[PDB]
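Enquirer: I'd like to ask you about the structure that follows.
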Amino acid sequence: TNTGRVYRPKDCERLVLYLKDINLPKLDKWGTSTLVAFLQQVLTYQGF
Amino acid sequence: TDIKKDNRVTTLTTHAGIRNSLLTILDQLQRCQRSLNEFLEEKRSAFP
């Protein structure tokens with residue numbers, strides 16, 4: 001589209017990513033997982 | 001049922017990805033034909 005390339009679910013309307021486990025990924029030595037930081041980026045800014 | 005809701009003819013251009021629904025329904029009907037071969041030969045042996 002306009003304003004940058006985008007992803008859209010094929011042949012459906014509401015794609016659902018069902019993440020199985022959230023406690024289980026790995027901290028670094030400060031306390032911040034890159035996974036939960038990435039999903040924070042997505043659920044706040046709708047992109048990456 | 002959704003055609004019963006809106007009967008404007010260009011709504012089939014704008015449904016929720018009907019193309020694979022139609023092709024898969026056709027393919028499953030072809031397969032139940034291949035299942036019906038045996039019963040067809042039964043009725044052909046019935047009436048000459």
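Letters A, B, ... mark the chains of the structure tokens in the order given; residue numbers begin at 1 per chain; ligand numbers begin at 1, in order shown.
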Do me a favour and pick out the residues of chain A within 8 Å of chain B, using only C-alpha atoms, as a ChimeraX atom specification.

Expert: /A:11-13

Enquirer: Those selected residues, please, written with N, CA and C atoms and delivered as a PDB file, in the first residue's frame.

Expert:
ATOM      1  N   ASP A  11      -7.047 -14.847   2.785  1.00  0.00           N
ATOM      2  CA  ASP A  11      -8.294 -15.606   2.697  1.00  0.00           C
ATOM      3  C   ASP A  11      -9.094 -15.595   3.994  1.00  0.00           C
ATOM      4  N   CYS A  12      -8.809 -14.652   4.882  1.00  0.00           N
ATOM      5  CA  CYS A  12      -9.499 -14.550   6.154  1.00  0.00           C
ATOM      6  C   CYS A  12      -9.594 -13.090   6.542  1.00  0.00           C
ATOM      7  N   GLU A  13      -9.972 -12.846   7.792  1.00  0.00           N
ATOM      8  CA  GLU A  13     -10.221 -11.478   8.215  1.00  0.00           C
ATOM      9  C   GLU A  13      -9.490 -11.141   9.510  1.00  0.00           C
TER      10      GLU A  13
END

Enquirer: Pick out the residues sitting within 12 Å of segment 32-42 of chain A, and hand them over as a CSV table (one decimal) with N, CA and C atoms, in the first residue's frame; count only C-alpha atoms, and ignore anything fewer than 5 positions along from it in its own chain.

Expert:
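Full text of part-v6.csv as output:
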chain,number,residue,atom,x,y,z
A,17,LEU,N,-2.4,-15.0,16.2
A,17,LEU,CA,-1.2,-15.6,16.7
A,17,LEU,C,-1.3,-16.0,18.2
A,19,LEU,N,0.4,-17.4,21.2
A,19,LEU,CA,1.7,-17.6,21.8
A,19,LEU,C,1.5,-18.5,23.0
A,21,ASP,N,3.7,-19.8,25.5
A,21,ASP,CA,4.3,-19.6,26.8
A,21,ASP,C,5.0,-18.3,26.8
A,22,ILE,N,4.8,-17.5,27.8
A,22,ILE,CA,5.4,-16.2,27.9
A,22,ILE,C,6.4,-16.0,29.1
A,23,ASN,N,6.2,-16.8,30.1
A,23,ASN,CA,7.2,-16.7,31.2
A,23,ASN,C,8.5,-17.3,30.8
A,24,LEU,N,8.5,-18.3,30.0
A,24,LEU,CA,9.6,-19.2,29.6
A,24,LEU,C,10.8,-18.6,28.8
A,25,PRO,N,10.7,-17.5,28.0
A,25,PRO,CA,11.9,-17.0,27.3
A,25,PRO,C,12.9,-16.4,28.3
A,26,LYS,N,14.0,-16.0,27.7
A,26,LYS,CA,15.2,-15.8,28.5
A,26,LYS,C,15.6,-14.3,28.7
A,27,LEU,N,15.8,-14.0,30.0
A,27,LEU,CA,16.3,-12.6,30.3
A,27,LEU,C,17.8,-12.5,29.9
A,47,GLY,N,4.0,-2.1,14.0
A,47,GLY,CA,5.0,-2.3,13.0
A,47,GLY,C,6.3,-2.8,13.6
A,48,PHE,N,7.3,-3.0,12.8
A,48,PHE,CA,8.7,-3.3,13.3
A,48,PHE,C,9.6,-2.9,12.2

Enquirer: Could you pull out the alpha helix (DSSP H) residues of chain B, going by DSSP on the backbone, and write them as number ranges by chain?

Expert: B: 2-5, 18-46

Enquirer: In Å, with one decimal, what is the gap from atom CA of residue 23 of chain B to atom CA of residue 5 of chain B?

Expert: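 Pair atom CA of residue 23 of chain B / atom CA of residue 5 of chain B returns 22.6 Å.
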